[PDB]
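J.: Take a look at work_31.cif, mmCIF, N, CA and C atoms:
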data_run
#
loop_
_atom_site.group_PDB
_atom_site.id
_atom_site.type_symbol
_atom_site.label_atom_id
_atom_site.label_comp_id
_atom_site.auth_asym_id
_atom_site.auth_seq_id
_atom_site.Cartn_x
_atom_site.Cartn_y
_atom_site.Cartn_z
ATOM 1 N N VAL A 1 6.678 9.216 -10.377
ATOM 2 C CA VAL A 1 6.170 9.661 -9.084
ATOM 3 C C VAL A 1 7.217 10.478 -8.335
ATOM 4 N N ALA A 2 6.753 11.436 -7.539
ATOM 5 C CA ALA A 2 7.649 12.286 -6.765
ATOM 6 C C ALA A 2 7.466 12.058 -5.269
ATOM 7 N N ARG A 3 7.005 10.865 -4.909
ATOM 8 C CA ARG A 3 6.784 10.521 -3.509
ATOM 9 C C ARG A 3 7.894 9.612 -2.990
ATOM 10 N N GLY A 4 8.461 8.809 -3.886
ATOM 11 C CA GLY A 4 9.527 7.903 -3.499
ATOM 12 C C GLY A 4 10.903 8.493 -3.729
ATOM 13 N N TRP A 5 11.216 9.560 -3.002
ATOM 14 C CA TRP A 5 12.510 10.222 -3.133
ATOM 15 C C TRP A 5 13.404 9.911 -1.938
ATOM 16 N N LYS A 6 12.967 8.970 -1.106
ATOM 17 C CA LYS A 6 13.729 8.578 0.073
ATOM 18 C C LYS A 6 14.197 7.130 -0.038
ATOM 19 N N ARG A 7 14.235 6.618 -1.263
ATOM 20 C CA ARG A 7 14.665 5.246 -1.505
ATOM 21 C C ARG A 7 15.881 5.211 -2.426
ATOM 22 N N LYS A 8 15.640 5.388 -3.721
ATOM 23 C CA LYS A 8 16.715 5.378 -4.707
ATOM 24 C C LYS A 8 17.078 6.798 -5.129
ATOM 25 N N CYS A 9 16.565 7.779 -4.395
ATOM 26 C CA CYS A 9 16.837 9.181 -4.694
ATOM 27 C C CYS A 9 17.506 9.868 -3.509
ATOM 28 N N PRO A 10 18.826 9.667 -3.375
ATOM 29 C CA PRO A 10 19.612 10.259 -2.288
ATOM 30 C C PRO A 10 19.757 11.769 -2.434
ATOM 31 N N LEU A 11 19.305 12.297 -3.566
ATOM 32 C CA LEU A 11 19.386 13.729 -3.830
ATOM 33 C C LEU A 11 18.556 14.515 -2.819
ATOM 34 N N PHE A 12 17.331 14.059 -2.585
ATOM 35 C CA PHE A 12 16.438 14.719 -1.639
ATOM 36 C C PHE A 12 16.038 13.768 -0.514
ATOM 37 N N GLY A 13 16.666 13.936 0.646
ATOM 38 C CA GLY A 13 16.364 13.087 1.783
ATOM 39 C C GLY A 13 15.573 13.810 2.854
ATOM 40 N N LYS A 14 16.276 14.531 3.722
ATOM 41 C CA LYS A 14 15.633 15.274 4.799
ATOM 42 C C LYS A 14 14.767 16.399 4.242
ATOM 43 N N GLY A 15 15.161 16.927 3.087
ATOM 44 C CA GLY A 15 14.409 18.003 2.468
ATOM 45 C C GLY A 15 13.107 17.524 1.857
ATOM 46 N N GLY A 16 13.066 16.248 1.484
ATOM 47 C CA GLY A 16 11.867 15.690 0.886
ATOM 48 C C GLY A 16 10.736 15.541 1.885
#
Take the structure I supplied and represent it as structure tokens, if you would.
T.:
Amino acid sequence: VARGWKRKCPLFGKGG
């Protein structure tokens, strides 16, 4: 999934 990028994915935060 590409919706949970604000949890364990610090790569895309504000940009997500």
J.: At what distance in Å, to one decimal, does atom N of residue 1 in chain A lie from atom N of residue 14 in chain A?
T.: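 Going from atom N of residue 14 in chain A over to atom N of residue 1 in chain A covers 17.9 Å.
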J.: Quick one: what's the axis-aligned box for range 8-14 of chain A, all listed atoms, 8 Å on every side, centre and edges in Å to one decimal, as lines of an AutoDock Vina configuration file?
T.:
center_x = 17.3
center_y = 10.9
center_z = -0.2
size_x = 21.0
size_y = 27.0
size_z = 25.9
J.: For atom N of residue 2 in chain A and CA of residue 15 in chain A, quote the distance in Å rounded to one decimal.
T.: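 A separation of 14.2 Å between them.
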J.: Can you list, as a list in words, every protein, DNA or RNA residue that comes within 12 Å of residue 3 in chain A when you count only C-alpha atoms, leaving out same-chain residues fewer than 4 positions away?
T.: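 In the requested form, the answer reads residues 7, 8, 9, 12, 13 and 16 of chain A.
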J.: Could you turn the residues from that selection into a file that holds N, CA and C atoms, as an mmCIF file, keeping the file's coordinate frame?
T.:
data_model
loop_
_atom_site.group_PDB
_atom_site.id
_atom_site.type_symbol
_atom_site.label_atom_id
_atom_site.label_comp_id
_atom_site.auth_asym_id
_atom_site.auth_seq_id
_atom_site.Cartn_x
_atom_site.Cartn_y
_atom_site.Cartn_z
ATOM 1 N N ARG A 7 14.235 6.618 -1.263
ATOM 2 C CA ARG A 7 14.665 5.246 -1.505
ATOM 3 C C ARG A 7 15.881 5.211 -2.426
ATOM 4 N N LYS A 8 15.640 5.388 -3.721
ATOM 5 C CA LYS A 8 16.715 5.378 -4.707
ATOM 6 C C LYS A 8 17.078 6.798 -5.129
ATOM 7 N N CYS A 9 16.565 7.779 -4.395
ATOM 8 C CA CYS A 9 16.837 9.181 -4.694
ATOM 9 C C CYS A 9 17.506 9.868 -3.509
ATOM 10 N N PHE A 12 17.331 14.059 -2.585
ATOM 11 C CA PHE A 12 16.438 14.719 -1.639
ATOM 12 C C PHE A 12 16.038 13.768 -0.514
ATOM 13 N N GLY A 13 16.666 13.936 0.646
ATOM 14 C CA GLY A 13 16.364 13.087 1.783
ATOM 15 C C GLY A 13 15.573 13.810 2.854
ATOM 16 N N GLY A 16 13.066 16.248 1.484
ATOM 17 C CA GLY A 16 11.867 15.690 0.886
ATOM 18 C C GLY A 16 10.736 15.541 1.885
#
J.: Write out N, CA, C and O atoms for range 2-15 of chain A, as a PDB file, keeping the file's coordinate frame.
T.:
ATOM      1  N   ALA A   2       6.753  11.436  -7.539  1.00  0.00           N
ATOM      2  CA  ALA A   2       7.649  12.286  -6.765  1.00  0.00           C
ATOM      3  C   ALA A   2       7.466  12.058  -5.269  1.00  0.00           C
ATOM      4  O   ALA A   2       7.735  12.945  -4.458  1.00  0.00           O
ATOM      5  N   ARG A   3       7.005  10.865  -4.909  1.00  0.00           N
ATOM      6  CA  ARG A   3       6.784  10.521  -3.509  1.00  0.00           C
ATOM      7  C   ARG A   3       7.894   9.612  -2.990  1.00  0.00           C
ATOM      8  O   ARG A   3       8.228   9.636  -1.806  1.00  0.00           O
ATOM      9  N   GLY A   4       8.461   8.809  -3.886  1.00  0.00           N
ATOM     10  CA  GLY A   4       9.527   7.903  -3.499  1.00  0.00           C
ATOM     11  C   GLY A   4      10.903   8.493  -3.729  1.00  0.00           C
ATOM     12  O   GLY A   4      11.670   7.995  -4.553  1.00  0.00           O
ATOM     13  N   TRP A   5      11.216   9.560  -3.002  1.00  0.00           N
ATOM     14  CA  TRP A   5      12.510  10.222  -3.133  1.00  0.00           C
ATOM     15  C   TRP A   5      13.404   9.911  -1.938  1.00  0.00           C
ATOM     16  O   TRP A   5      14.466  10.509  -1.772  1.00  0.00           O
ATOM     17  N   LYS A   6      12.967   8.970  -1.106  1.00  0.00           N
ATOM     18  CA  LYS A   6      13.729   8.578   0.073  1.00  0.00           C
ATOM     19  C   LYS A   6      14.197   7.130  -0.038  1.00  0.00           C
ATOM     20  O   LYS A   6      14.517   6.493   0.966  1.00  0.00           O
ATOM     21  N   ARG A   7      14.235   6.618  -1.263  1.00  0.00           N
ATOM     22  CA  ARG A   7      14.665   5.246  -1.505  1.00  0.00           C
ATOM     23  C   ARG A   7      15.881   5.211  -2.426  1.00  0.00           C
ATOM     24  O   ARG A   7      17.011   5.027  -1.974  1.00  0.00           O
ATOM     25  N   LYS A   8      15.640   5.388  -3.721  1.00  0.00           N
ATOM     26  CA  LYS A   8      16.715   5.378  -4.707  1.00  0.00           C
ATOM     27  C   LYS A   8      17.078   6.798  -5.129  1.00  0.00           C
ATOM     28  O   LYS A   8      17.810   6.998  -6.099  1.00  0.00           O
ATOM     29  N   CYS A   9      16.565   7.779  -4.395  1.00  0.00           N
ATOM     30  CA  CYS A   9      16.837   9.181  -4.694  1.00  0.00           C
ATOM     31  C   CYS A   9      17.506   9.868  -3.509  1.00  0.00           C
ATOM     32  O   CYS A   9      16.866  10.566  -2.722  1.00  0.00           O
ATOM     33  N   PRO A  10      18.826   9.667  -3.375  1.00  0.00           N
ATOM     34  CA  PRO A  10      19.612  10.259  -2.288  1.00  0.00           C
ATOM     35  C   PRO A  10      19.757  11.769  -2.434  1.00  0.00           C
ATOM     36  O   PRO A  10      20.268  12.443  -1.538  1.00  0.00           O
ATOM     37  N   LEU A  11      19.305  12.297  -3.566  1.00  0.00           N
ATOM     38  CA  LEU A  11      19.386  13.729  -3.830  1.00  0.00           C
ATOM     39  C   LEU A  11      18.556  14.515  -2.819  1.00  0.00           C
ATOM     40  O   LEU A  11      19.019  15.511  -2.263  1.00  0.00           O
ATOM     41  N   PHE A  12      17.331  14.059  -2.585  1.00  0.00           N
ATOM     42  CA  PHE A  12      16.438  14.719  -1.639  1.00  0.00           C
ATOM     43  C   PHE A  12      16.038  13.768  -0.514  1.00  0.00           C
ATOM     44  O   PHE A  12      15.182  12.902  -0.692  1.00  0.00           O
ATOM     45  N   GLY A  13      16.666  13.936   0.646  1.00  0.00           N
ATOM     46  CA  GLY A  13      16.364  13.087   1.783  1.00  0.00           C
ATOM     47  C   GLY A  13      15.573  13.810   2.854  1.00  0.00           C
ATOM     48  O   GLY A  13      14.345  13.721   2.898  1.00  0.00           O
ATOM     49  N   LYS A  14      16.276  14.531   3.722  1.00  0.00           N
ATOM     50  CA  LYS A  14      15.633  15.274   4.799  1.00  0.00           C
ATOM     51  C   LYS A  14      14.767  16.399   4.242  1.00  0.00           C
ATOM     52  O   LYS A  14      13.764  16.779   4.844  1.00  0.00           O
ATOM     53  N   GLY A  15      15.161  16.927   3.087  1.00  0.00           N
ATOM     54  CA  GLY A  15      14.409  18.003   2.468  1.00  0.00           C
ATOM     55  C   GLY A  15      13.107  17.524   1.857  1.00  0.00           C
ATOM     56  O   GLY A  15      12.156  18.292   1.723  1.00  0.00           O
TER      57      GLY A  15
END
